[PDB]
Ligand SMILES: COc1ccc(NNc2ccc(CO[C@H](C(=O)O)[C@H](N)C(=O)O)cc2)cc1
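The chain that follows stands alone, in the form deposited without this ligand, written as structure tokens.
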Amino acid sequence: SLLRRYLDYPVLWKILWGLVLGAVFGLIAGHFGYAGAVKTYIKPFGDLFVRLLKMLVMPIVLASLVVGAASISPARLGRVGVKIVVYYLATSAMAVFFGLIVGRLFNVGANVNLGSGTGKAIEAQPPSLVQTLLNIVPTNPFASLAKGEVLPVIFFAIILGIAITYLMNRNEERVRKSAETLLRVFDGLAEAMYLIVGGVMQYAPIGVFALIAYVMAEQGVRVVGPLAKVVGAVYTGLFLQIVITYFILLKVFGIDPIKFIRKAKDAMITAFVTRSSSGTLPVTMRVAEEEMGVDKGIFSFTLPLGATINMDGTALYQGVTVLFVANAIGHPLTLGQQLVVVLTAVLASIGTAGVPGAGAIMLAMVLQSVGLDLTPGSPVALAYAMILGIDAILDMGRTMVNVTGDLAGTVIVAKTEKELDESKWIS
């Protein structure tokens, strides 16, 4: 059938085709003179998609974060455990930092010009940095769920997950079963949200097509050029991410980085082509075993984690594309909420979906966190539509660096613990 074939095409290439068809439809609707004809009939689908996607930020944040932070914690993390979780969070932070640096350096979204004048958010007195830190702990977690605050809910969710996993070890049975049932509730909620995200991203082709037809018909923006600069900035950012972060870490931890790249090439290409991080886990394991020298005790637990919480390419994408959305609507980010992006792109990666749409939802999450809202109609929705349309071209490098990150963390861990076979690094 037609609708049954529409749900079979690869969802990200469907979204990219939606963006392209939306751009051409808008150019035509300008070439003909039917601006209102698409602003009244084609826009409602765009607003429907924007709302249908912005609905899925708070439930995912809460449930996914609770489950993810209950999966890793000082309770069930041993010696390899904390030494790899510290590494994952540190390298995700450096990845978001490289994202923001390379965004400002490529001047992302500086020449799209779809804002609403130098205003509509005028404050002239931003909050201090220490206050921006204290605002992470919420005075009332339910009021921080209702008011749509993302970072306080992330903090409370992580704390609740750690507390539950502390409970699961207690010597009583009532507390153990209570903690198990609470974690199962949050697991069910997070996975139901992943199904609904699958459905919303199935719809997303039409949503992006509408939000691009409306913007290309109503006014004239630059969506053929700044998207090229975002692709260039993302890929140069991932290149720099590797050849700086992982190279300085390997050099400072005794490993020879040229050898690491020459051996990790197999998992890198496999994830680049296959385009999936959790689907290239066997090949990553095979490379870490037969090529690096990591023992089974270190990479039978690190890689199944580094394929779930070490999202470096996704973090750098959430850096540079947040910066594109911010410079696009004309509200550049200050050095006080350029760190909120880091915090809620590192913590929000501690629990991440594997479904197609784990970058877009997290980008909407970082947008709602840093202070830009996705209300239907605001140019934030239009710039997010352009980024979501380009998504299918960034996913490849995203997953390549995603699987190079944990493959470079396993080698470091197994070397620091003297459980790395030195015989597989020389001759």
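A residue's number is simply how far along the shown sequence it sits, counting from 1.
One more form of this protein exists, namely the form solved in complex with this ligand; it is left out here, but the text below deals with it.
**Student:** Three or more ligand atoms within 2.4 Å of the backbone or C-beta would mean blocked. So with this ligand superimposed as it binds in the deposited bound form, which is it here, open or blocked?
**Tutor:** Blocked: when this ligand is placed as it sits in the deposited bound form, 3 or more of its atoms come within 2.4 Å of backbone or C-beta atoms.
**Student:** Given that the partner is absent here, does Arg104 sit within 4.5 Å of this ligand in the deposited bound form, heavy atoms only?
**Tutor:** Because no heavy atom of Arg104 falls inside 4.5 Å of this ligand in the deposited bound form, the answer is no.
**Student:** Going by a heavy atom distance of 4.5 Å, is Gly68 a contact of this ligand in the deposited bound form?
**Tutor:** Flag for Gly68 set to no.
**Student:** Using heavy atoms and a 4.5 Å limit, would one call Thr399 a contact residue for this ligand in the deposited bound form?
**Tutor:** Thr399: contacts this ligand in the deposited bound form.
**Student:** Residue-level contact is defined here as any heavy atom of the residue lying within 4.5 Å of this ligand in the deposited bound form; does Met311 satisfy this criterion?
**Tutor:** Yes, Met311 is a contact residue.
**Student:** Looking at 141-149, 311-319, 332-340, 112-120, which one sits within 4.5 Å of this ligand in the deposited bound form if you count heavy atoms only?
**Tutor:** Selected range: 311-319.
**Student:** Looking at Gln241, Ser277, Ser92, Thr344, which has any heavy atom no more than 4.5 Å from this ligand in the deposited bound form?
**Tutor:** Only one listed residue qualifies here, and that residue is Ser277.
**Student:** Which residue, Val38, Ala358, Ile390, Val380, has a heavy atom that falls within 4.5 Å of this ligand in the deposited bound form?
**Tutor:** Of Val38, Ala358, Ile390, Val380, the residue with a heavy atom within 4.5 Å of this ligand in the deposited bound form is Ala358.
**Student:** Given a 4.5 Å distance limit between heavy atoms, list every residue of 362-396 close to this ligand in the deposited bound form, or none if there are none.
**Tutor:** Heavy-atom contacts within 4.5 Å come from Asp395 alone.
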